[PDB]
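J.: One structure, pasted below without further comment.
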Amino acid sequence: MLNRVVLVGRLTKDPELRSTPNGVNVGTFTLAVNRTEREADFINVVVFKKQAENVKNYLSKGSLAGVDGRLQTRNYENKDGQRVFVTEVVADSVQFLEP
Amino acid sequence: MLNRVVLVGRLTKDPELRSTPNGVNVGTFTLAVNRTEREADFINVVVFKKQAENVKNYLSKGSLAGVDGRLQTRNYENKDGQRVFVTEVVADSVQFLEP
Amino acid sequence: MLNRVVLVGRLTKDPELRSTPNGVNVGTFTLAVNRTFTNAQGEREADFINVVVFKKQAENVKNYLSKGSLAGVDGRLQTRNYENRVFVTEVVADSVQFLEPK
Amino acid sequence: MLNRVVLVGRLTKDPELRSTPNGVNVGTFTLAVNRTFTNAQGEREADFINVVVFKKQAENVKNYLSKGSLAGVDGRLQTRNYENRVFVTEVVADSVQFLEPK
Ligand SMILES: O=c1[nH]cc(F)c(=O)[nH]1
Ligand SMILES: O=c1[nH]cc(F)c(=O)[nH]1
Ligand SMILES: O=c1[nH]cc(F)c(=O)[nH]1
Ligand SMILES: O=c1[nH]cc(F)c(=O)[nH]1
């Protein structure tokens, strides 16, 4: 079913790459998108494979970047017995616009 | 900054309209979007004003509906001393497709 | 660079299948996507976007979609021109949602 | 019905402002939006979408945007035709992000 998200925002931290038990890389950053008295929303992005590593190369805290992807929800149990409901954006592609 | 979300999914419950302290209506439903071994993500939608009331009229649990909007994050403290981080989709428009 | 298009419309004619010399299928319909917002005259307008799908999907749109089918489209917007130079724009679909069983 | 377009490109020429008889401004540029994905020949392609903005925004795009400016666009896709009947498609922008200070 149609599920589409396009974003331009700035990374809050540096991208965090980590290596999965299957052996494939998984990227993590947060995009801060000023809303178009100014507030910004903070979407969490997830990238995989080739795209994931590129973001570790070129993107860093404060980089302006564009994102095209699908919007996903997962749930897990955190370090204690609590159920975290997460919503995030898995990026089909990630465009480096300006630092 | 660019922030755009388009979705087609099915309502999980019936839409919940409620009336705000300012006097304006605020709509609430959850959209279940099968991903294009089938899983679905559950995005929470928010509508306001005219659009909000329409969804109470015409949409109900299981209605297939399309959504165009922006992606927003808010935080609050829940009934106990816990900080809920929420991400949701405020709908610029809501299209009734099929029940 | 970012380039994305989401659309819900009804097909004006029936879908047209063709094959490239390369061996890959190419589906064709044009969508009638009513505007959600009324215009200054208070009347309701429609745009007619031309969609293109490729490979396996093109066969599915040929199988299940027909004139008047309600359908969703996710894709990018592409511009080409060729000789009698005609300026064409249409929507190459990454995916196509059939919003009707028929 | 859903109809949405997001784009990031560079302007090919400088923005063109005009005014309607109604008194409302209408901005014009065309964007060059490089494809993110390479083609079968391994070369990089670009689409040239024509954008339209209205009212106050049109003046801002005229003020700050110029040929080669990197810019973001959020809007819908509209189809019109008129007499010498020319088939035009372009992107009426709900909003326009200036991705460069210049
Ligand atoms: O400012 C932030 N808010 C929320 C986050 F998840 C984050 O990384 N940074
Ligand atoms: O199945 C559901 N998951 C999450 C929700 F918030 C909801 O309302 N329904
Ligand atoms: O109703 C229509 N108007 C214009 C077209 F090109 C078409 O296919 N159908
Ligand atoms: O490089 C260009 N190609 C085609 C066009 F219409 C244009 O404006 N610029």
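Residue numbers (the working numbering), protein chains in the order written: chain G, 6 to 104; chain S, 6 to 104; chain Y, 663 to 764; chain D, 663 to 764.
All C-beta atoms in this analysis are idealised placements derived from N, C-alpha and C, irrespective of residue type, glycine included.
DSSP three-state label for residue 49 of chain S, please.
T.: It is a strand residue.
J.: Provide the residue(s) that pair with residue 725 of chain Y in DSSP beta bridges, ordered along the chain.
T.: Its beta-bridge partners do not exist; DSSP assigns none.
J.: Could you tell me the boundaries of the beta strand (DSSP E) in which residue 699 of chain Y lies?
T.: Per DSSP, residue 699 of chain Y belongs to no beta strand (DSSP E) and is neither H nor E.
J.: Can we count residue 92 of chain S as close to ligand 1, meaning its CB is less than 6 angstroms from some heavy atom?
T.: False, no ligand heavy atom lies under 6 angstroms from that Cβ.
J.: Helix, strand or coil for residue 87 of chain S per DSSP?
T.: Note: residue 87 of chain S maps to coil in three-state DSSP.
J.: Listing by chain order, which chain G residues have their CB less than 7 angstroms from the CB of residue 95 of chain S?
T.: The contacting residues do not exist; residue 95 of chain S stays about 10 angstroms from chain G at best.
J.: Terminal residues of the continuous beta strand (DSSP E) containing residue 68 of chain G?
T.: Premise fails: residue 68 of chain G is in no beta strand (DSSP E) and is neither H nor E.
J.: Have a look at residue 744 of chain D and residue 6 of chain G and give me their C-alpha separation to the nearest angstrom.
T.: Whole-angstrom Cα-Cα distance: 36 angstroms.
J.: Determine the closest residue to residue 683 of chain Y out of Y:717, Y:691, Y:699 and Y:751, with distance taken between C-alpha atoms.
T.: Comparing Cα-Cα distances from residue 683 of chain Y to each of Y:717, Y:691, Y:699 and Y:751, the minimum goes to Y:717.
J.: Hey, out of S:63, S:56 and S:85, whose CA is closest to residue 95 of chain S's CA?
T.: Cα-wise, what sits closest to residue 95 of chain S is S:56.
J.: Any beta-carbon of chain Y closer than 7 angstroms to the one on residue 64 of chain S?
T.: No, no contact with chain Y.
J.: What residues of chain D sit near residue 740 of chain Y, judged by a beta carbon separation below 7 angstroms?
T.: Neighbours of residue 740 of chain Y on chain D, chain order: 709.
J.: Cβ of residue 17 of chain G versus every heavy atom of ligand 6: is any distance shorter than 6 angstroms?
T.: No copy of ligand 6 occurs in the structure displayed; its ligands are ligand 1, ligand 2, ligand 3 and ligand 4 alone.
J.: Could you tell me whether the segment 55-73 of chain S touches the segment 83-90 of chain S, using the rule of 3 or more Cβ pairs below 8 angstroms?
T.: Touching, no.
J.: Could you pull the start and end residues of the beta strand (DSSP E) that residue 665 of chain Y belongs to?
T.: Segment 665-673, the beta strand (DSSP E) holding residue 665 of chain Y.
J.: Quick one: which chain S residues come within Cβ less than 7 angstroms of residue 671 of chain D?
T.: Those do not exist, as residue 671 of chain D stays about 12 angstroms from chain S at its closest Cβ, beyond 7 angstroms.
J.: Do residue 14 of chain S and residue 22 of chain S have their beta-carbon atoms positioned less than 7 angstroms apart in this structure?
T.: Result no, Cβ atoms of residue 22 of chain S and residue 14 of chain S do not sit closer than 7 angstroms.
J.: Verify the CB distance criterion: does residue 758 of chain D have a CB-CB separation below 7 angstroms to chain S?
T.: False, the Cβ-Cβ gap to chain S never drops below 7 angstroms.
J.: Given that a residue counts as buried once 16 or more other Cβ atoms are within 10 Å of its Cβ, and exposed if not, what is residue 701 of chain D?
T.: Counting Cβ neighbours within 10 Å, residue 701 of chain D comes out exposed, since fewer than 16 surround it.
J.: How about residue 47 of chain G: is its Cβ closer than 6 angstroms to a heavy atom in ligand 1?
T.: Because some heavy atom of ligand 1 lies under 6 angstroms away, the Cβ of residue 47 of chain G counts as near it: yes.
J.: Please report how far the alpha carbon of residue 730 of chain D lies from the alpha carbon of residue 722 of chain D, in whole angstroms.
T.: So the two alpha carbons sit approximately 16 angstroms from each other.
J.: Looking at chain Y, which residues of the segment 688-699 of chain D have a Cβ within less than 7 angstroms of any of its Cβ atoms?
T.: Result list: 695, 696 and 698.
J.: I need the straight-line Cα distance from residue 681 of chain D to residue 687 of chain D, nearest angstrom please.
T.: Going from the Cα of residue 681 of chain D to the Cα of residue 687 of chain D covers about 4 angstroms.
J.: Which two residues bound the contiguous beta strand (DSSP E) that contains residue 761 of chain Y?
T.: No beta strand (DSSP E) contains residue 761 of chain Y, which DSSP labels as neither H nor E.
J.: Hey, residue 69 of chain G and residue 102 of chain G are a contact pair by Cβ (cut 8 angstroms); roughly how many whole angstroms apart?
T.: About 5 angstroms; that satisfies the 8 angstroms criterion.
J.: If you compare alpha carbons, which of Y:699, Y:713, Y:707 and Y:709 is closest to residue 691 of chain Y?
T.: Here the closest residue by C-alpha is Y:713.
J.: Go ahead and label residue 93 of chain G buried or exposed: buried means 16 or more other beta carbons lie within 10 angstroms of its beta carbon, across all protein chains shown.
T.: Burial call: buried.
J.: Cα separation between residue 667 of chain D and residue 28 of chain S?
T.: So the two alpha carbons sit approximately 34 angstroms from each other.
J.: Could you name the residues that DSSP lists as bridge partners for residue 678 of chain D?
T.: For residue 678 of chain D, which the question treats as bridged, DSSP gives the partners D:690.
J.: Here's a check: name, in chain order, each residue in its chain whose Cβ is nearer than 6 angstroms to the Cβ of residue 104 of chain G, leaving out the five neighbours to either side.
T.: Result list for residue 104 of chain G: 68, in chain order.
J.: How should residue 766 of chain Y be labelled, buried or exposed, when 16 other C-beta atoms within 10 angstroms of its C-beta is the threshold for buried?
T.: The requested residue 766 of chain Y is not part of the displayed model; chain Y covers only 663 to 764.
J.: When we look at the beta-carbon of residue 38 of chain G and count the other beta-carbons within 10 Å, is it buried (16 or more) or exposed?
T.: Counting Cβ neighbours within 10 Å, residue 38 of chain G comes out buried, since at least 16 surround it.
J.: I'd like to know whether the C-beta of residue 74 of chain S is nearer than 7 angstroms to at least one C-beta of chain D.
T.: Closer than 7 angstroms: no.
J.: In chain A, which residues lie less than 9 angstroms from residue 682 of chain Y when you measure between Cβ atoms?
T.: No chain A is part of this structure, whose protein chains are labelled G, S, Y and D.
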